[PDB]
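Chain and residue survey
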Amino acid sequence: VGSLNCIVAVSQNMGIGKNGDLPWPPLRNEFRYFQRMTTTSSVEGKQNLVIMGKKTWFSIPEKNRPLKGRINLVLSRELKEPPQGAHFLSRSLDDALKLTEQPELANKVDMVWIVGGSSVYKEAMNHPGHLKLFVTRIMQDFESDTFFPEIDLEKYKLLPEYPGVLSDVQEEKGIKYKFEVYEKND
Ligand SMILES: NC(=O)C1=CN([C@@H]2O[C@H](COP(=O)(O)OP(=O)(O)OC[C@H]3O[C@@H](n4cnc5c(N)ncnc54)[C@H](OP(=O)(O)O)[C@@H]3O)[C@@H](O)[C@H]2O)C=CC1
Ligand SMILES: CCc1nc(N)nc(N)c1OCCCOc1ccccc1CCC(=O)O
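Description of the structure in this document. (Residues numbered from 1 in each chain as written, not as in the entry; some residues may be left out. Chains lettered and ligands numbered in written order. Heavy atoms only, no water.)

1. Thoughts on the overall build of the chain
Helix and strand content of the chain: four helices and eleven strands. Based on the C-alpha atoms only, the size of the chain along its principal axes is roughly 45 × 35 × 30 Å. A burial count over the chain gives 46% of its 186 residues as buried. By element, 50% of the accessible surface of the chain is carried by carbon and sulfur atoms, the whole surface being about 10,200 Å². Put simply, the chain has 25 plus and 25 minus side-chain charges, and the middle of one group is 4 Å from the middle of the other. (Helix = DSSP H or I, 4+ residues; strand = E, 2+ residues; numbered from the N terminus. Buried < 20%, exposed > 50% of the residue type's maximum accessible area, 1.4 Å probe, protein only. Areas by Shrake-Rupley, 256 points an atom, 1.4 Å probe, with all protein chains shown as cover. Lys, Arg positive; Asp, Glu negative; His and termini not counted. Charge placed at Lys NZ, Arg CZ, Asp CG, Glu CD.)

2. Examining the site of ligand 2
Near ligand 2, the surroundings consist of 14 residues, among which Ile7, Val8, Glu30, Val115 and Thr136 are the closest. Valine 115 is positioned such that a nitrogen or oxygen atom in its backbone is 3.3 Å from a nitrogen atom of ligand 2. Separating a nitrogen atom of ligand 2 from a side-chain N or O atom of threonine 136 is a distance of 3.4 Å. Of all the secondary-structure elements, those providing two or more residues to the shell around ligand 2 are β1 (4–10) and α1 (28–39). (Near = heavy atom within 4 Å. Polar contact = N/O pair within 3.5 Å; in protein donor to acceptor, adjacent residues only side chain to side chain.)

3. Side note on the nonpolar core
Generally speaking, soluble globular proteins have nonpolar side chains that are buried together. Within the largest apolar cluster, 28 residues are counted, with the highest numbers of intra-cluster contacts made by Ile51, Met125 and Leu133. Elements supplying a minimum of two residues to this core: β1, β3 (47–53), β4 (71–75), α3 (93–100), β6 (109–114), α4 (118–125) and β7 (130–138). Residue contributions to this core peak at four residues, all from α4. In this structure, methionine 125 is in contact with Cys6, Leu131, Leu133, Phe148, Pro149, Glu150, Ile151, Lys155, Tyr156 and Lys184, ignoring residues within four places of it in sequence. If you look at the next biggest cluster of nonpolar residues, it comprises 25 residues, including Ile7, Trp113, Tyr177 and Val181. (Core = buried A, V, L, I, M, F, W, Y, C linked by side-chain atoms within 4.5 Å. Contact = heavy atoms within 4.5 Å.)

4. Describing the environment of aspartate 94
Along the chain, the position of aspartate 94 falls in helix α3. Taking relative accessible area as the criterion, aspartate 94 reaches 39% and is therefore assigned partly exposed. Between the C-alpha atom of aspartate 94 and that of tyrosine 182, which follows or precedes it by 88 residues, the distance is 22 Å.

5. Some remarks on α3
Taken together, the buried positions of α3 are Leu93, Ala96, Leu99 and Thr100. Buried residues along α3 cover an arc of 120 degrees about the axis, so they all sit on one side. Considering only its buried residues, α3 is in contact with β3, β4, β5 (88–90), β6 and α4. (Arc of directions from axis to C-beta.)

6. Let's talk about the site of ligand 1
If you check the shell around ligand 1, you find 28 residues, and the closest are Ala9, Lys54, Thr56, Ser76 and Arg77. In this structure, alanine 9 approaches ligand 1 through a main-chain N or O atom, which is 2.7 Å from a nitrogen atom. For ligand 1, an oxygen atom lies 2.8 Å from a polar atom in the backbone of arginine 77. Across the complex, the protein chains shield 81% of the 930 Å² of accessible surface that ligand 1 would expose by itself.

7. Things to note about the side chain of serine 11
Looking at the secondary structure, you find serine 11 in the loop between β1 and β2 (15–17). Setting aside its immediate chain neighbours within four residues, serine 11 contacts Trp24, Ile138, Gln140, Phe142 and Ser144.

8. Regarding unusual backbone geometry
Each neighbour pair has its own omega, and for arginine 65 with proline 66 the value is 0 degrees, a cis peptide bond. Checked against the element boundaries, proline 66 lands in the loop between α2 (54–59) and β4. Geometrically, the link from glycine 116 to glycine 117 is a cis peptide bond, its omega value of 0 degrees lying close to zero. Assignment of secondary structure puts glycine 117 in the loop between β6 and α4. The phi dihedral of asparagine 19 is positive, around 50 degrees, even though this residue is not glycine. Assignment of secondary structure puts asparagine 19 in the loop between β2 and α1.

Shown next as C-alpha cells:
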C-alpha cells in the first residue's frame, strides 16, 4: 500500500457541492484530471483504491460508476453491503485503511485516494502522518451547501510544482481554475 492522498475541486468560497451535484456546471477536463490522477498507479500489477462517503458515491453519474480501473470503497454505517457497482464497504475511515492491509487487498493496492466528502476529508486531513492534498481551485464563488474543511497552512505546504500537474490557469465554460498540490508530514 502506497501513499494516502485527498483530491477535491473547491470554489473560492470553499464549496464542493450543492444538492448532490457540483456547485459549478460540469467541467470535462477537470473531471479528466480527477480520473487521471486517481487512476494512474506508479507500480506495475497494482491498482489505486478510492474511498468516498455514501452521498459522494451516489452523486457520481451511474455512467461513471464505479470509477473505472480503481477499487471503489464506500463509507457508511447504514448500508449492509457495498452499493450496486461498488467494490467494498467500511464503517469508518480506520477500517477502510486497515482493510487495505489485509492479505486480500494488501498486495494489490498502490495509492489510496479520498475523493469526498466533507467528513472524510476533515478526518483524513487532521490525522497525523504523511498526506497530500490535490486541490483544484475553481476561481469563482458558487452557491454551495457542502464545503471543504480548512487547510492548516502551518502543516500543509503548497508545492511549487508537481509532475503530471499543470501549473498554469485553466478555463472551461468561462470558468477559470488552477491545480495545486499540498503536502504535510506530521
Ligand atoms: N468538488 C469536489 O471535489 C467533490 C464534490 N462532492 C459533492 O459533495 C456532496 C457529497 O458530500 P457529503 O455531503 O459531504 O457526503 P459524503 O460523501 O461524505 O457522504 C456522507 C455519508 O457517508 C457516510 N460517511 C462519511 N464519512 C464516513 C465515515 N467516516 N464512516 C462511515 N460513514 C461515513 C455516512 O453515511 P451513513 O449515514 O449511511 O452512515 C454519511 O451520511 C455532493 O454534493 C457531491 O456532488 C463529493 C466529493 C468531491
Ligand atoms: C470531477 C469533480 C472532482 N474534481 C476533483 N479535482 N476532485 C474530486 N474529488 C472530484 O470529485 C469526484 C467525485 C464526485 O464527482 C461528481 C459529483 C457531482 C456531479 C458529478 C461528479 C463527477 C462527474 C463530472 O464532473 O462530469
